[PDB]
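Listed next as structure tokens: two forms of one protein chain, kept apart as structure 1 and structure 2.
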Structure 1
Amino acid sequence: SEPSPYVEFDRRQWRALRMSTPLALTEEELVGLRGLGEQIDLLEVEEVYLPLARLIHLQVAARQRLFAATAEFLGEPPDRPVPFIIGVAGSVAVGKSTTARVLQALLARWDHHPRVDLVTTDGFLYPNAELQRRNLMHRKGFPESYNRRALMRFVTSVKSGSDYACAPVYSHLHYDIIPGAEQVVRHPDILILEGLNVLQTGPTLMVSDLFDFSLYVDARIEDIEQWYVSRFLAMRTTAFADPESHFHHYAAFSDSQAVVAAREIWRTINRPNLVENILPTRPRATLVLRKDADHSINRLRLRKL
């Protein structure tokens, strides 16, 4: 009685689209792809990520057909397909990075055996020096803190079938970009771009306009704040514990101080960014994975149109 471009699913419903897709991941390999605080088990990989993987390959061939028509039209000469670009977006601490890692492993282990790369956009973040100069240290993560010009070049270069294309490297440990570090990407079959900012749209063409498929990992804003604070507290004995950690001073905080500090940074930087720039981007993602307070994925929204 009122059409929608979306189709909504239940884990029970989605679970059924797996068909007879092979589970090529061990419980040992899954654990190494897992992020701090993530609750993902093989059952979810089976129940949720397998159908998603199937759907994606179905479309990788169908999309390769499209560029064929434009090629047949322009009447140009291949054997090297157009890379299939996938964008993964989500809030900080919502688990998008884990989702991206699983998705890569799952896709790379497919009969025809593709070359699946994964690049995180934080490598296109301006160096801390440039941020201070632009007065954006307090806005790290916002669309302005990234070198969107460079990011666009990279993706354009890769999808154009460039032989070699490389990107800068970000160190979460040093909270800055690594001097002289490069991530090289040579003609991949599927490139996964993961970032807070990736689904952004605008006046000029943007990276989002070059995606062939996009995932938005969603959760309740109040639940993410919890995951964030939790992770923060747990990093006192892991990352912050390292002397080279930029936030080594946090390691000594007490459960009490830590929760305060964590909440401050959240409502001050991460929350505004989520509400203002990331969330407004959800409507356009191809697939939206809605997570529950327990980190469990129980609802899925697919773009049929």
Structure 2
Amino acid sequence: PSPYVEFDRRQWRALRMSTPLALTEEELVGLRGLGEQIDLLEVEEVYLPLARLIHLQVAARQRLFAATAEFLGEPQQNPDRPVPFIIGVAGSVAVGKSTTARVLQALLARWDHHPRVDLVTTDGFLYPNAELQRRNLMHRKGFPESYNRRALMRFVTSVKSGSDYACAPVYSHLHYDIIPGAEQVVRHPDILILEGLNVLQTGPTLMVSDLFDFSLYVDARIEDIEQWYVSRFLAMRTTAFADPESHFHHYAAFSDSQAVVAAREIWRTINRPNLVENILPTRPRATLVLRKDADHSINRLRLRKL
């Protein structure tokens, strides 16, 4: 006996969920438009039921806000609407956190209950390269201490406060650095998705996940993520690495075989250990774990018992 309800591919797919849960052609066009060669069959058979389950929790939290406001005879110091409902998205580099997150942002905005949905990545809260250097942490980008934890906690707290205005900094992956002067403004959305390696990480004191209303961990066999990491790396030889401004131009194209080999070594030396030491242990902390098989198709969902 476990604290999770477990579903295989078959039962999950088996949309007994008696909304004829099917997207329209307008929407499917829109969803192509996040093109990580996105498989619209998974969006409709898997991510749509998931947006639905999460929808039930957001709507529940919204009536609990109403009932509670009514009970407290709605006094001045109580807010006028619910604060943003915050979803955390965690997993290894290259498992597809960002794609999952973008898809949920899109699906969840479909309901009139919560149409304004924001997405922030914790990437924006890494220390600038210059600062990482000052601390001797360059070889540790994406490990817990390479993030300005205070700023990230201030950011999320302010969002949970129901501020009209919360600012995050912006990270360019192209430049391998924080963009000086850039800011993403978040203005009391109904939902805010927060995606990052570290979102479910444990801290001595108050931590970001203490402000999450729901959380998701994207999982896969460690070997399978290695393969996805390697492939994205070779593929980047065009798209990004090719660009002159790319911090990683000194790789831009140096033999497929030698790119495989370097990718494997960056994986084994940085990203894989960050996974074992720091990310995987946060897995049992998620409300929902999604396990994908070799070709990114979901084969197992574990959902915390309500």
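In this text, the rigid core denotes the largest set of C-alpha atoms whose superposition between the two forms falls within 1.5 Å. Sequence positions of structure 1, starting at 1, serve as the residue numbers.
Per-residue Cα shift between structures 1 and 2 after core alignment stays below 2 Å for all of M152, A71, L210, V169 except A71.
After superposition on the rigid core, the Cα atom of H113 is displaced by 2 Å or more between structures 1 and 2.
In this overlay on the rigid core, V31 has a C-alpha that sits 2 Å or more away from its partner position between structures 1 and 2. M19 is among the residues whose C-alpha shifts by 2 Å or more between structures 1 and 2 once the rigid core is aligned. Core-superposed comparison between structures 1 and 2: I40 shows a Cα shift of 3.6 Å. Summarising the core-aligned comparison between structures 1 and 2, the C-alpha atom of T237 is found to shift 1.1 Å.
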